[PDB]
Each structure stands twice: as structure tokens, then as C-alpha cells.
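Undergrad: Quick one: the structure is below, and I'll ask about it shortly.
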Amino acid sequence: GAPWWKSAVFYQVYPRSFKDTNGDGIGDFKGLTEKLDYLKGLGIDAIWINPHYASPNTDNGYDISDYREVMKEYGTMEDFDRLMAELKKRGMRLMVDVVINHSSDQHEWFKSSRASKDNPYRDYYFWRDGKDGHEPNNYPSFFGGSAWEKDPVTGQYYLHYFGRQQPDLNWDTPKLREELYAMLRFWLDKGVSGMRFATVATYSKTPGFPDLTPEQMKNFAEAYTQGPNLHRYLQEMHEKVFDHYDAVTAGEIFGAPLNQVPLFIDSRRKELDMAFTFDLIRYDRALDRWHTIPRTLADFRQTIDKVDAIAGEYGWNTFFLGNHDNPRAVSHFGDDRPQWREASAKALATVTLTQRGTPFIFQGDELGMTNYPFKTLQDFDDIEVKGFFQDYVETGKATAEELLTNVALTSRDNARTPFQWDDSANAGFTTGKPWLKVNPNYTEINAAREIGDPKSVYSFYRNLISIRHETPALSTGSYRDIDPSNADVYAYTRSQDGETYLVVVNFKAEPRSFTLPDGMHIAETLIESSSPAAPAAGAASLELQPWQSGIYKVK
Ligand SMILES: OC[C@H]1O[C@@H](O)[C@H](O)[C@@H](O)[C@@H]1O
Ligand SMILES: [Ca+2]
């Protein structure tokens with residue numbers, strides 16, 4: 001048999017932007033709880049929530065100052081326990097975000113660590129003498145400037161791959177790893193069903209902190225995933241924690257070459273259960289992470305093909321076209337112009353729900369939400385954009401307008417604008433002023449408008465989730481790309497126990513044709529989007545409308 005997580009459909013909730021119930025403009029636990037009937041109705045089996053722990057929010061939850069307290073903004077431990085209970089009444093499961101590559105610089109461990117070199121917490125972090133009058137080495141940070149920050153209290157620099165207020169935790173220190181395992185046990189003892197591990201591939205650092213080479217410097221994210229003790233630490237965490245619970249684990253494998261992914265997910269290695277990879281979501285992103293390189297569907301499917309292959313026989317992949325760190329799915333992979341937004345959003349839904357692996361739908365994508373129309377750099381909240389400003393504008397490599405032009409298409413903030421519930425003030429997200437502006441298209445794009453409409457993007461996701469739930473080959477069946485070279489129509493099969501399904505999606509806003517492979521004919525049409533008529537039983541070919549998608553049982 002296959003674990004519940006292999007045939008589950010997950011929904012990712014970014015609490016901060018899902019539903020606010022007290023008018024401070026920030027979503028909270030009570031709002032999410034209020035909306036569980038909505039997600040149950042869509043057909044969601046489990047929810048992954050972004051960090052919900054006490055945090056100064058320099059990186060919206062990913063800078064944790066106390067791993068055993070809930071974030072003040074989201075509510076209390078009681079609201080969290082109530083979220084858990086309400087999910088359970090509905091047979092739903094909760095996956096929480098685990099951030100243990102680093103903590104906030106307000107965590108008590110860090111306040112202690114920085115006091116002196118002999119403090120019992122000194123080695124919970126990485127402290128090192130500067131070199132040749134400057135930092136310990138040339139490591140850059142993802143959020144700007146050096147990954148090393150000098151602390152006058154002792155004269156040494158501490159390590160921070162991410163923000164200056166997100167010091168990296170030292171996994172080479174046994175006592176620190178034991179503190180981390182105990183923390184995990186605290187949440188797992190509360191009944192949590194899954195854990196998503198933030199930047200799980202950077203836990204291990206390189207002994208000696210040598211300078212990155214010129215080449216390594218072009219893609220430093222990759223070098224940070226090459227620590228020598230990485231799998232040893234993940235195997236220990238598994239042996240000491242996960243082997244005693246029934247929780248599914250999912251690693252955010254940020255920066256690692258795809259060839260290394262199996263080391264994290266091969267069930268026999270006893271590390272993680274499934275992977276979140278970045279090969280597809282960043283397939284058209286330049287190395288500097290704020291420019292886009294044009295790509296075709298051929299690149300899209302070939303990437304998916306390579307990723308599916310890495311899961312081999314004992315690994316498992318998650319599948320997603322969107323999350324809180326990337327531009328909106330329909331805007332990024334589809335066509336968000338008014339005339340094609342709904343049609344392309346439905347096509348992308350068909351792709352997402354028929355991929356081999358566990359699908360994660362990001363809040364709002366089921367409604368066809370789009371990127372946001374940023375007008376000035378001041379319209380972004382993201383610390384990452386401030387880091388691009390520091391690294392490229394202040395340095396004269398680019399102008400503020402160039403940064404604006406490009407980052408509008410790639411910013412994480414595109415996925416963080418308030419969820420569009422209805423067409424009331426601020427789309428019903430809040431009675432106050434939203435922490436991030438609501439997209440003006442909320443008047444045409446909102447859940448209340450779509451839930452009662454048989455033809456809406458929402459209803460289409462809902463029917464796809466039902467179809468996937470009733471069709472085993474669609475979750476655990478094999479996957480085969482029919483033609484990796486085709487840049488027009490994405491076609492593939494899913495098979496299991498003699499049943500084979502065909503998925504065909506036109507990625508062009510023009511009619512196209514698709515001829516089934518020799519000896520294959522349509523048997524039944526499960527569903528189609530943007531189609532005036534289902535093909536006839538026995539069809540050897542398909543005529544497709546712009547952005548048409550469909551799932552068919554073949555014979
Ligand atoms: O904490 C650093 C980063 O970790 C990633 O796992 C999260 O998805 C990002 O949102 C965050 O900025
Ligand atoms: Ca609130």
C-alpha cells in the first residue's frame with residue numbers, strides 16, 4: 001500500500017495573508033479556522049501553513065525567536081490547538097513549517113551566544129575571526145551584503161546565509177541538535193501530521209569556511225548545499241525523532257543540484273519522505289534571482305520529466321506551480337491577460353492535479369489570482385527586494401527603475417497579497433488596512449463570485465480534485481511524457497493496474513491539434529476546460545481550442 005500522503009491533495013496557507021479577524025490587517029489562526037469549511041469543500045486533505053511561531057517578522061515568520069510559542073499576530077497557543085481540533089473534526093491534517101537552519105537574532109540562544117566566547121551557547125551559532133581586515137570569507141547573503149555580520153560585543157562575525165537577523169544555527173554542535181530534536185517532539189506530541197523543512201539542504205556548513213571560488217560564486221546557493229555532514233544530520237534527526245511518530249516530512253531542497261535529491265527522499269535512506277524542488281518553479285529565473293530568461297513549454301516539460309525521474313522507485317516528489325516565494329502561477333506559467341486568465345488558470349490546474357507526486361495548491365491559485373501591479377519599490381514589503389536594492393542599485397549595477405521593472409515579475413510579494421474572498425472592502429480579507437495592498441482585480445477575482453459558478457476556476461479545481469481522488473492512476477500511477485520536444489501541447493499518460501489516462505493541455509492561445517500515439521484511442525472523457533465538445537469514443541486525434549485542457553481514459 002501507499003501512504004496517505006502520496007494520494008493527498010495539499011493546500012498551502014500563508015496565514016499572514018489568508019484571513020484577518022481582528023482588523024489589524026494581518027491574517028490569523030481564527031481566520032483560517034473560520035475558513036476550514038471552504039477548504040474541506042474544495043476537497044483539501046491537508047494544509048501546510050507557513051511559520052506560526054513567535055517572531056520579530058523581519059522575514060515574515062522565518063525569523064523565529066521562540067520555537068515553542070505561537071506568533072503573537074496569529075493568536076495564542078489555544079487558537080492553534082483549536083485549529084488542530086477543527087481540522088481533525090473534518091478529517092483534515094496539518095503540516096507545519098520547520099525553520100532550523102537559523103533562528104531570529106532575538107532567540108534566547110543567540111542573546112546568550114553573543115555574550116562571550118566561553119558562553120555555553122557560543123557554539124549554537126557560527127562565530128569566526130575576520131580575515132585580512134574584513135569578513136571571515138567572501139560568502140554573500142541571499143538578503144544582501146555579506147553572510148557575515150561583525151558583533152562588537154566579542155569582535156567576531158556570526159554567519160547568516162539569509163537575513164542579518166537570522167543567524168544560522170550550528171548543526172555541528174551535539175547539544176544544539178538535541179535541542180532541535182526536542183523542539184520537534186514538542187509539536188509532534190501535539191498531533192501535527194507533517195513537517196516542511198525550510199532550506200533543508202543548508203544545515204551542514206563547510207569546515208574551515210574557505211573562500212568560494214569565482215565559479216562557486218556565480219551560483220552560491222549551490223555551494224551552501226554541499227556541507228559534508230548534511231545527510232548524517234538528516235539521518236540522525238530521522239532516527240531520533242521521526243522514527244517515533246507517524247508524521248510525513250517534506251524537505252525544501254533549495255539550491256541543490258537535482259542529481260542529489262534522491263539522497264534526501266529515497267525511503268530506504270531514512271531521511272525525508274518527499275521533496276520540494278526548485279528546478280521547475282525557477283526554470284526561467286536568472287542566477288541573480290531577479291531577472292527572467294525566456295523559456296518554452298519544451299523546457300517546462302523536460303524539467304518536469306527530469307524531476308519525476310529523480311524520484312525513481314523509492315522516492316516521492318511534491319508538485320507545485322506556486323508558493324509564497326514565487327510569482328503567481330497563472331501570471332508565471334499561464335497568460336494573465338483578461339481574455340486568457342481563466343482559460344490558462346484552468347489548464348494549469350489540470351497540469352497540477354494530474355502530476356505524479358503530491359500536489360500542493362497555493363492559496364488563491366484556485367481562483368486564478370494574478371501578480372500584483374507594483375508601481376514603486378515602496379509597494380514591496382519583502383526583505384529580499386531590499387537586499388537586491390542594496391546589492392545592485394546602491395552599487396550602481398542597476399537603476400531603481402530597472403530593479404522595479406524586473407522584480408515586479410519575480411517578487412515573492414506577488415504571492416503574498418491578501419486572499420480575495422469577496423468583493424467587499426479589501427476583498428473581505430480584513431476590516432482594517434491590509435499589511436500588503438490587495439490586488440485591485442479583486443472585484444472580478446474573488447471566491448464568493450466563483451463558488452456559485454459552475455464554470456469558474458474554483459469549480460474547475462474542485463472537480464479536478466474530485467476526479468484525482470477517485471482515480472488511483474492520477475496520484476500513484478506511472479508518468480510518461482509523450483513528446484518532450486513539443487513546445488505547443490503538453491501531453492502525457494498516467495497508468496496503474498492496467499488503467500491508462502491521457503492528459504492533453506494546449507499551452508498556446510491558438511488552436512492546435514494533437515494526434516494520439518499509435519494504437520491509442522480515446523475511451524472516455526473525464527473532463528475538459530475551454531472545450532466546445534468532447535472527442536468521440538475511438539478518436540485517434542484531438543482538435544484543441546486556445547489553452548484547452550482535458551483528462552481522458554484511453555483504450
Ligand atoms: O528562512 C529563509 C527562507 O526559507 C525558505 O524556506 C522560505 O520558503 C522563505 O520564505 C524564507 O525566506
Ligand atoms: Ca489579525
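Ligands are numbered from 1 in the order shown, chains are lettered A, B, ... in the order of the C-alpha cells, and residues start at 1 in each chain.
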Mind checking which residues fall within 12 Å of region 551-553 of chain A, counting only C-alpha atoms, ignoring those fewer than 3 positions away in the same chain, and posting them as a ChimeraX atom specification?
TA: /A:347,349-351,353-355,463-464,467-468,471,473-474,490-496,498-505,516,520-529,531,534-539,542,548
Undergrad: What does the list of residues within 10 Å of ligand 2 look like if you count only C-alpha atoms and all ligand atoms, written as a tab-separated table (two decimals) with C-alpha atoms, in the first residue's frame?
TA:
```
chain	number	residue	atom	x	y	z
A	15	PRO	CA	-1.52	32.80	7.40
A	16	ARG	CA	-0.38	36.39	7.27
A	17	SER	CA	-2.40	36.82	4.09
A	18	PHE	CA	-5.27	34.37	4.36
A	19	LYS	CA	-7.94	35.85	6.71
A	20	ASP	CA	-7.76	38.58	9.38
A	21	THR	CA	-10.45	38.50	12.10
A	22	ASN	CA	-9.45	41.44	14.30
A	23	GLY	CA	-8.75	44.24	11.80
A	24	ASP	CA	-5.03	44.71	12.34
A	25	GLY	CA	-4.61	43.90	8.62
A	26	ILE	CA	-2.80	40.59	9.23
A	27	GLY	CA	-4.33	37.12	8.85
A	28	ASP	CA	-4.51	34.91	11.90
A	29	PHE	CA	-5.42	31.46	13.24
A	30	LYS	CA	-9.04	32.33	13.90
A	31	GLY	CA	-9.49	33.41	10.30
A	72	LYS	CA	1.59	36.98	18.63
A	73	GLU	CA	-0.08	38.16	15.40
A	74	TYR	CA	-1.67	34.77	14.68
A	75	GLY	CA	-3.18	34.30	18.11
A	429	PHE	CA	-9.67	39.83	3.91
A	430	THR	CA	-9.85	42.47	6.64
A	431	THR	CA	-11.99	45.23	8.11
A	432	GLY	CA	-8.79	47.20	8.69
A	434	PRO	CA	-4.11	45.16	4.85
A	435	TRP	CA	-0.37	44.74	5.71
```
Undergrad: Name each residue within 9 Å of ligand 1, counting only C-alpha atoms and all ligand atoms, as number ranges by chain.
TA: A: 50, 59-63, 97-103, 142-143, 161-163, 166, 196-200, 252-254, 323-325, 383-384, 412
Undergrad: Could you check the closest approach to residue 267 (chain A) for each of A:360, A:3, A:175, A:326 and tell me which residue wins, using only C-alpha atoms?
TA: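 Result for the nearest residue to residue 267 (chain A): A:3.
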Undergrad: Which residues are close to residue 111 (chain A), i.e. within 12 Å by only C-alpha atoms, leaving aside same-chain residues fewer than 2 positions away? Reply as a list in words.
TA: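 Skipping anything fewer than 2 positions along the chain leaves residues 65, 103, 104, 105, 106, 107, 108, 109, 113, 114, 115, 116, 119, 120, 121, 122, 124, 125, 151, 153, 165 and 167 of chain A.
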Undergrad: Pick out the closest residue to residue 129 (chain A) from this set: A:443, A:58, A:417, A:154. Count only C-alpha atoms.
TA: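 Comparing A:443, A:58, A:417, A:154 against residue 129 (chain A), the winner is A:154.
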Undergrad: Determine which residues of region 176-386 of chain A DSSP labels as alpha helix (DSSP H) from the backbone of this structure, then write them out as number ranges by chain.
TA: A: 176-188, 214-218, 220-223, 230-240, 262-265, 297-310, 329-332, 341-352, 383-386
Undergrad: Record the distance separating CA of residue 362 (chain A) and CA of residue 160 (chain A), expressed in Å with one decimal.
TA: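 Answer for the CA of residue 362 (chain A) to CA of residue 160 (chain A) separation: 28.1 Å.
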Undergrad: Residue 229 (chain A): which residues within 8 Å, counting only C-alpha atoms, same-chain residues fewer than 3 positions away excluded, as a list in words?
TA: residues 204, 205, 232 and 233 of chain A
Undergrad: For residue 174 (chain A), list every protein, DNA or RNA residue within 10 Å, evaluated using only C-alpha atoms, and leave out those in the same chain fewer than 4 positions away; present the list as JSON, numbers by chain.
TA: {"A": [123, 124, 170, 178, 179, 180]}
Undergrad: Write the selection just made, keeping N, CA, C and O atoms, as a PDB file, in the first residue's frame?
TA:
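Printed below is selection.pdb as written:
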```
ATOM      1  N   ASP A 123      28.606  28.072  20.726  1.00  0.00           N
ATOM      2  CA  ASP A 123      28.605  27.226  19.522  1.00  0.00           C
ATOM      3  C   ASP A 123      27.235  26.747  19.035  1.00  0.00           C
ATOM      4  O   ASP A 123      27.125  25.742  18.281  1.00  0.00           O
ATOM      5  N   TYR A 124      26.186  27.462  19.438  1.00  0.00           N
ATOM      6  CA  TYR A 124      24.866  27.146  18.900  1.00  0.00           C
ATOM      7  C   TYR A 124      24.824  27.859  17.561  1.00  0.00           C
ATOM      8  O   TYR A 124      23.897  27.642  16.780  1.00  0.00           O
ATOM      9  N   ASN A 170      24.172  26.158  14.450  1.00  0.00           N
ATOM     10  CA  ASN A 170      25.286  25.296  14.227  1.00  0.00           C
ATOM     11  C   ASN A 170      24.975  23.806  14.423  1.00  0.00           C
ATOM     12  O   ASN A 170      25.039  23.305  15.533  1.00  0.00           O
ATOM     13  N   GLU A 178      20.399  18.255  19.718  1.00  0.00           N
ATOM     14  CA  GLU A 178      19.443  17.680  20.683  1.00  0.00           C
ATOM     15  C   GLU A 178      18.349  18.679  21.053  1.00  0.00           C
ATOM     16  O   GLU A 178      17.209  18.287  21.259  1.00  0.00           O
ATOM     17  N   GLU A 179      18.680  19.970  21.129  1.00  0.00           N
ATOM     18  CA  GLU A 179      17.663  20.977  21.442  1.00  0.00           C
ATOM     19  C   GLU A 179      16.669  21.043  20.291  1.00  0.00           C
ATOM     20  O   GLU A 179      15.465  21.229  20.502  1.00  0.00           O
ATOM     21  N   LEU A 180      17.178  20.922  19.071  1.00  0.00           N
ATOM     22  CA  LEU A 180      16.274  20.924  17.912  1.00  0.00           C
ATOM     23  C   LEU A 180      15.349  19.714  17.912  1.00  0.00           C
ATOM     24  O   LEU A 180      14.153  19.858  17.634  1.00  0.00           O
TER      25      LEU A 180
END
```
Undergrad: Tell me, in Å to one decimal, how far CA of residue 547 (chain A) is from CA of residue 506 (chain A).
TA: 4.7 Å
Undergrad: Nearest residue to residue 342 (chain A) out of A:82, A:177, A:134, A:455, using only C-alpha atoms?
TA: A:455
Undergrad: Using only C-alpha atoms, which residue out of A:422, A:305, A:37, A:45 lies closest to residue 479 (chain A)?
TA: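 Using only C-alpha atoms, the shortest distance to residue 479 (chain A) belongs to A:305.
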Undergrad: With distances taken over only C-alpha atoms, which residue among A:264, A:148, A:220, A:419 lies nearest residue 249 (chain A)?
TA: A:264
Undergrad: How many Å lie between CA of residue 189 (chain A) and CA of residue 244 (chain A), rounded to one decimal?
TA: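 Distance between the two atoms: 10.4 Å.
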Undergrad: Rank nothing, just name the residue among A:436, A:256, A:415, A:293 nearest to residue 331 (chain A), using only C-alpha atoms.
TA: A:415
Undergrad: Using only C-alpha atoms, which protein or nucleic acid residues come within 9 Å of residue 365 (chain A)? Drop anything in the same chain fewer than 4 positions from it, and give the result as a tab-separated table (two decimals) with N, CA and C atoms, in the first residue's frame.
TA:
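The file below, result_4.tsv, is the result:
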```tsv
chain	number	residue	atom	x	y	z
A	322	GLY	N	3.14	26.97	-7.61
A	322	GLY	CA	3.16	28.22	-6.86
A	322	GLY	C	3.39	28.04	-5.38
A	328	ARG	N	2.82	34.52	-9.09
A	328	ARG	CA	1.60	33.76	-9.22
A	328	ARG	C	1.62	32.79	-10.40
A	329	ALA	N	1.15	31.57	-10.14
A	329	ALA	CA	1.10	30.54	-11.16
A	329	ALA	C	0.54	30.96	-12.54
A	330	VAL	N	-0.63	31.60	-12.59
A	330	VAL	CA	-1.23	31.95	-13.89
A	330	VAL	C	-0.42	33.03	-14.63
A	345	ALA	N	-5.60	29.50	-16.36
A	345	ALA	CA	-5.58	29.08	-14.98
A	345	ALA	C	-6.18	27.67	-14.87
A	349	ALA	N	-4.38	24.17	-13.74
A	349	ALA	CA	-4.98	23.33	-12.69
A	349	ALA	C	-4.98	21.86	-13.15
A	361	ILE	N	-1.50	23.10	-3.60
A	361	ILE	CA	-2.15	24.22	-4.29
A	361	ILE	C	-1.91	25.42	-3.37
A	369	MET	N	-5.92	33.91	-9.03
A	369	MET	CA	-5.27	35.18	-8.64
A	369	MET	C	-3.99	35.40	-9.47
A	370	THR	N	-3.67	36.67	-9.71
A	370	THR	CA	-2.52	37.05	-10.52
A	370	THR	C	-1.45	37.83	-9.75
A	457	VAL	N	-12.99	29.17	-12.18
A	457	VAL	CA	-11.71	28.48	-11.98
A	457	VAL	C	-11.83	27.63	-10.73
A	458	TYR	N	-12.45	28.19	-9.70
A	458	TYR	CA	-12.65	27.45	-8.48
A	458	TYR	C	-13.36	26.09	-8.68
```
